[PDB]
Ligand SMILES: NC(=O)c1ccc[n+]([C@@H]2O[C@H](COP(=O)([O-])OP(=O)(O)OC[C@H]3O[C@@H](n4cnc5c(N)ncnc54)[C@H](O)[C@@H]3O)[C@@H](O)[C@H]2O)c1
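Coming up is one lone chain in structure tokens, specifically the form solved without the ligand.
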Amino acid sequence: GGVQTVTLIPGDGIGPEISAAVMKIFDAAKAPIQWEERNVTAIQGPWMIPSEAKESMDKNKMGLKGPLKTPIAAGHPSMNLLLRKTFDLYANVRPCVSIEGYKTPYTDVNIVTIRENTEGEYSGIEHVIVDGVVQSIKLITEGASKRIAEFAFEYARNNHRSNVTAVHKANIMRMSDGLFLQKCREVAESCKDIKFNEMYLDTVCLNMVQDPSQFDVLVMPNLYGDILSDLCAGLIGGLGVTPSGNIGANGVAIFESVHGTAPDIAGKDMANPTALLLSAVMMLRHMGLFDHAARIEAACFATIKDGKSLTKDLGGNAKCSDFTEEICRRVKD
């Protein structure tokens, strides 16, 4: 009931191709979405992202972001760092599910890694104490830890998920990770409809590679999230087929592809939009267009099990457009 505007950041490289392919798949299923292309490439006035990009994301809360090219300048900061602080992106969510057409040594994987995005070892605080002695400061606070453990039990109930696991190393970093655990438990007792437990980062790592089936929703501090999420990516096929969203403050969210900009195949009709598509599916669900999302999702999955059209990186000769149009065909059920 009403047509919405998503800020679309096409990005670099195969960026615009996959963006414009997702726009076409949304069109096909007549999904209530206008797009508003913006550019997040940073400038610095009196460091920041363009004003038009901020006013856009602030007005319409949703974004869809393709792969950005890694800047060249030493002094140029990380683009995700500028994105995070601008909109207070505090929860990075990664649902990792095996794709049925794409065979991997792991077959039964269905995991969601909620990752605290604001602090941890990414505090940005380092000091050179003396010559050849550096000191990086890991920061854990009670506010932020609580915020993330609340999101994770929400996500777990909203997306009808049954277990949440707090992953820490509180045996080593007794005070920092201890506080994180302390608040996770605090939230877990006020949401007793979800079986909550704890594990050690190294116990989860050793178990993930042997049997991912036992895991569900996982919530963890920043560094642990960064490692674990890419680790689980490899369980299902890699950054090319994994969605990603960063929930932030003021209803803002940006859903993103985490895969590379891939310039060697820019222009040529060979990119894969599966990753950017499944992220925009997340966006739809986060917006409450649940049937448009379950539909689009069903099509893309059906296309990949057929095998008829796969791009170069899933074992096909099919072009980016032959893949896209098969989905669009499929989504008019």
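Here the rigid core means the biggest group of C-alpha atoms that line up within 1.5 Å when the two forms are laid on top of each other. Each residue number is its position in the shown sequence, starting from 1.
Not pictured, yet referred to below: the form deposited with the ligand bound.
Ligand-free form, site status blocked: the ligand, modelled in by superimposing site C-alphas onto its pose in the deposited complex, brings 3 or more atoms within 2.4 Å of backbone or C-beta atoms. The stretch in contact with the ligand in the deposited complex, judged by heavy atoms within 4.5 Å, is 65 to 73, chosen from 65 to 73, 299 to 307, 31 to 39, 285 to 293.
Here is the short version: of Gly178, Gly101, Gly234, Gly260, the single residue with a heavy atom within 4.5 Å of the ligand in the deposited complex is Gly260. The listed set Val209, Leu239, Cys191, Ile227 contains one residue whose heavy atoms approach the ligand in the deposited complex to within 4.5 Å, identified as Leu239. The ligand in the deposited complex comes within 4.5 Å of a heavy atom belonging to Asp313. Within 4.5 Å of some heavy atom of the ligand in the deposited complex lies at least one heavy atom of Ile14.
The shortest heavy atom separation between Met48 and the ligand in the deposited complex exceeds 4.5 Å. Heavy atoms of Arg84 reach within 4.5 Å of the ligand in the deposited complex, making it an interface residue. Once the two forms are fitted on their rigid core, between this form and the one not shown the CA displacement reaches 2 Å or more only for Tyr224 among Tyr106, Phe215, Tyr224, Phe87. With the core superposed, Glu36 shows a C-alpha displacement below 2 Å between this form and the one not shown. Once both forms are fitted on their rigid core, the CA atom of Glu121 lies 2 Å or more apart between this form and the one not shown. After superposition on the rigid core, the Cα of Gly75 moves by 2 Å or more between this form and the one not shown. In the deposited complex, the Cα atoms of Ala233 and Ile265 sit 3 Å or more nearer to each other than they do here.
Relative to this conformation, an increase of 3 Å or more in the Cα-Cα distance between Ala73 and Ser56 is found in the deposited complex.
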